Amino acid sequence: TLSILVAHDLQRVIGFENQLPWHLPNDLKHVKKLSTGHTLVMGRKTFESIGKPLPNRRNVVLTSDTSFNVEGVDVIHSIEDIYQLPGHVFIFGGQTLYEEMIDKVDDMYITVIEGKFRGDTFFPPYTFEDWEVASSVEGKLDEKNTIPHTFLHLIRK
């Protein structure tokens, strides 16, 4: 299975200055829950913002840099390499990867951040006439999770 994994705001912002525009612990837990034991594919900029591989899952970074060799990280140099990765593969950003993969994935795990943030990177436009809502679940708000958010699982119609 090939899945997009992303959080975007009401205007599809996903990033600002190579970081998430929001602080939302519960979404990071959501990402951790979904991707643990599986594979995360990320563009080079996204990986460098994280800085180290996320524990307990396969970390795959897409880059043109043939000198890239990071302990705990598997490198790939083309989109086509993604299709060789066994198991459940999550496309985990950034903008370039989402743009390259949105027409190819089976489904998408999208956290809609119900706010308007300043962004410099965006998730590409999509329509629900192409995607069925398999589930839609409101995130719980608390002390440390203060922005309304909704967990969507969308499956290509």
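Residue positions are given as counts along the sequence shown, with the first one as 1.
Peer 1: Name the higher of the two by mean Cα B-factor in the PDB entry, 54-62 versus 108-116.
Peer 2: Result: 54-62.
Peer 1: Where do the C-alpha atoms have the higher mean temperature factor in this entry, in 95-103 or in 65-73?
Peer 2: In the deposited entry, the stretch with the higher C-alpha B-factor mean is 65-73.
Peer 1: For the listed 90, 47, 128, 123, which has the peak Cα B-factor recorded in the PDB entry?
Peer 2: Of the candidates given, the C-alpha B-factor peaks at 128.
Peer 1: Quick check for you: using the entry's CA B-factors within this chain, is residue 139 in the lowest, middle or highest third?
Peer 2: It falls in the bottom third of the chain.
Peer 1: Please say which third, lowest, middle or highest, residue 15 falls into when its CA temperature factor is compared across its chain.
Peer 2: It falls in the bottom third of the chain.
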